[PDB]
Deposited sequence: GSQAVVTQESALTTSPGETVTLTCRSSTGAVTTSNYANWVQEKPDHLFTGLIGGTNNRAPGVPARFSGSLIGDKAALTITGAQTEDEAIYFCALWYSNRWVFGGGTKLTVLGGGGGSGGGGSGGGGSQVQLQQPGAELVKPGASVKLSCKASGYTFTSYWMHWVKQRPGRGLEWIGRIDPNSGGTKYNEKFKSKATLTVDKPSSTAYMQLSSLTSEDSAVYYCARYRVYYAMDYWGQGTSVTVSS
C-alpha cells in the first residue's frame, strides 16, 4: 500500500489522580474514523491487553477511567484519574485499508503512591525451537467464548523493537487477510473442534526469531484478549 508510519509520544510522566492524554499520529495526514484506532497496553512480562478499539469502543472489562477519541488530527487515549497500575507501555494501531500499523509505544510513568479503582483465555506454547530452513506451526488455544464469533490476529514482536501485524482469520468462514510483508511467509488456519487457531511459518530464517502473539478481535471493537506469546528461536 503506502509507507505509513504511526507515531506516539515516547514517554509521559503523570501522578495518581491526574488526567493524561496519549496521542496517535498518522504520517499520511489526519487520523480518521476509517483508521479504527486500537489501543493496547503492555504490562511487565509482556502481558498485552486491548483497551480501546474502533476509535472509541471499550474492550470488555476495561476500567471506566480509560476512553478513546479523535482529538484534532490524531487518535487519543485519555486516562481520567491515572493510577499506579497504569504505568505501562501503550501501543496504538491504525488500519490503513489492508493492514494494521503499530506505533512505537508510549511508556507511561506514574510517579508516587496513590489509590484508585480496583472468562476468555488464549493459550500459546512458551517457546518453539527451530533450525534455519525448517517450518514451525504455532498454536493458540481459545477458551471462554464462542470461537467463531471473533476474528484472530497474529502479531510479531522482535524484543526491543516494534510490533508488526501479520494477518487475520475469521473462524466462521476461514476468510483470511495477510499483511503483504508476510503473505507467503505465513498461513492462518483454524480447528473449530479444539477451538484452536494456528499459524505456520514456512522456511524460517534469523529474522523470524521473535515472539509471536495471537489476539482475539471483534470487528469495529478492540484486540482485547492476547495470548502470552511464543518465543520462536532459530538455531544460530
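When the deposited sequence is numbered from 1, the one segment without any C-alpha atom is 119-127.
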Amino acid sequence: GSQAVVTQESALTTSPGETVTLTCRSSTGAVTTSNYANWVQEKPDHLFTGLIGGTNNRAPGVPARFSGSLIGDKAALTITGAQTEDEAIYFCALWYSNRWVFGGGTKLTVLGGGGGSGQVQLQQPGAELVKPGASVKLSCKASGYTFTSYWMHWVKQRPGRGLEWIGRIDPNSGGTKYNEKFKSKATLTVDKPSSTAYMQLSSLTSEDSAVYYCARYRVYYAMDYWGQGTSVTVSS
From here on, numbers count along this sequence of modelled residues.
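In this entry, 178-186 has the higher mean Cα B-factor, the comparison being between 178-186 and 27-35. Here the stretch with the larger average CA B-factor, out of 11-19 and 218-226, is 218-226.
If you compare the C-alpha temperature factors of 72, 104, 160, 114 in the entry, 160 comes out highest. Each of 89, 122, 155, 130 has a CA temperature factor in the record; the biggest one is found at 130. Residue 118: CA B factor in the middle third of modelled residues in this chain (values from the PDB entry). Sort the chain's modelled residues by C-alpha temperature factor and residue 192 lands in the highest third, per the entry.
In this PDB entry, the Cα temperature factor of residue 234 sits in the top third of its chain's modelled residues, the highest group. Among all modelled residues in this chain, the alpha-carbon of residue 204 has a temperature factor (C-alpha) in the highest third. For residue 140, the recorded CA temperature factor ranks within the middle third of the chain's modelled residues.
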